[PDB]
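Let's start with one chain on its own, the form deposited in one PDB entry, as structure tokens.
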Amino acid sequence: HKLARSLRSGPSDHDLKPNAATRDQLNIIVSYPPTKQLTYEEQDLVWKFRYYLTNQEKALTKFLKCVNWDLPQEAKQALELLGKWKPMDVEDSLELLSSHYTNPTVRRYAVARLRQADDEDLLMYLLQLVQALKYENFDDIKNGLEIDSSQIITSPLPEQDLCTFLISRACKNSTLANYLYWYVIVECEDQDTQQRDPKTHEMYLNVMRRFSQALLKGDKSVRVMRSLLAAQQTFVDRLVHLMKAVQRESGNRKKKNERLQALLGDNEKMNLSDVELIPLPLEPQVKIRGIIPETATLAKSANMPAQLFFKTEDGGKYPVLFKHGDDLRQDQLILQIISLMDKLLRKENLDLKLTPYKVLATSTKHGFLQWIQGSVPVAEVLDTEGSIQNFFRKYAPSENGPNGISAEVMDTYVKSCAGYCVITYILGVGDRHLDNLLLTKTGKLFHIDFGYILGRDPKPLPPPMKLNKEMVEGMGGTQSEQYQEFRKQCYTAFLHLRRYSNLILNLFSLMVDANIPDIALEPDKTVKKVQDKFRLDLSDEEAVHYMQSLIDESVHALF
């Protein structure tokens, strides 16, 4: 073993081609998932046929682990092969930016591959790419220059690495700028980072101050970007102050609610019912005129979230749920992954009427959730109308539609049930009950409150497919043509998502050092818990018959 890999071959068999039997062994090893550890035998094998593997872009990520970088004999040839290799897809490049690869060239190369991606894709990975800064050169991030984090943006002055790249893209795209601001603010406000990795806490302040510096340095349109972020930041700082002023001022919930409205209605002091048309950080397409004082209510629940109604640019209400005294990041992640999964299925022309509602932490302590206007907890739906079918008949009846319900509504309910069954199965969402399953009168089922994920549950053995009796009776029972449809969607959705397993797993790779509670328990064992739910051991034909039997053994058990 201890004889180095370039000491055992190279480049006198750059002329190698593997035989039929070996080509199978490689293709298995190459398209392994991206935290599946490789054995010394397999790392040796990948090195042996390294000149063959330069025509399989998939394989590049595997090869670079087998390089020993301390040996400059190895490292100089390895990086020569990195230029002769087929360039990898952006989907894959996220792997190179994780904790596992430390070589400057490898990481700059990854950024060059990212720079091929357009901002719509880049946004879907931005949360993870802010985590990826932790594995960057902290000295180089500092040396770009030319402390409360919430004051940086509001206090002006009278080969790209990852940090330089993200800032460059943010100054050219205001959507990225919005989310890059708030993601980095949370990493600064991360207190566990302040304690155990104070050097990392400094890096994110340096990232924020680097960003603000470019915004001020940039042209006329870019400088306005800075003042819009400053507007958001004080608005949130005022909103958080208004929350503290209620959370403290004692009395019951009804006295606190009267209090909440008093402070909102007072715009001289608190300055929240008539903002100057600023962009909502949650979704910056929505500019907000102010919070409506008279509708604002506090939820009868543990951390007292406030239900707030923003009056918008175009005369509408955009309701949100603002939590003070609660970590949102575990939700931020899940909704962010469900957003992708929704988009990946639509890539394949499968719209399953999913509800990936917006979530933005504006600190570790607090943040925003988009309220879906018209949603009701399935519990509440069962409680007042009796069944999921009675609900739909009352609110969307039809002479010819199935069970006296609009066919379009019944279709929506099926598809959403199917998608969320598969998606809550993969992500390992536990602690499901009828208060965290919501229903809409459009037909849409969806899930909220992701306090338990990646296997975790109050129960020791939860069921793997999160599907109850009431849900099945909403279709028409096990013999309806709806339930036939509901299976077909599940196995198809499961199949399509399997074909982006590599992407999803590379994303979860980046989230291990993010202090998300259900990931922090078993960070190394986190990514396998997702990987294993895809059942990559099976073929597509086998995966279908698996997903089928998953759904059947679950539904059989219910009756």
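Each residue number is its position in the shown sequence, starting from 1.
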What number of residues from the deposited sequence go unmodelled in the gap from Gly315 to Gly316, classed as none, 1 to 3, 4 to 9, or 10 or more?
none
Please classify the unmodelled stretch of the deposited sequence between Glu399 and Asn400: none, 1 to 3, 4 to 9, or 10 or more residues.
none
The stretch whose C-alpha atoms carry the larger average B-factor in the entry, 322-330 or 418-426, is 322-330
Using only C-alpha atoms and the B-factors in the entry, which stretch averages higher, 42-50 or 508-516?
42-50
From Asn267, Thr295, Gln213, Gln128, the top C-alpha temperature factor is at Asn267
Sorting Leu445, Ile453, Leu239, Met304 by Cα temperature factor from the record, which one lands on top?
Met304
Third of the chain's Cα B-factor distribution that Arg487 belongs to, per the entry:
middle
Within-chain third of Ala59 by Cα B-factor, per the entry
highest
Place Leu550 in the lowest, middle or highest third of its chain's C-alpha B-factors, as listed in the PDB entry.
lowest
Based on the deposited C-alpha B factors for this chain, I'd like to know if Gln195 is in the lowest, middle or highest third.
highest
Where does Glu348 sit by CA temperature factor within its chain: lowest, middle or highest third?
middle
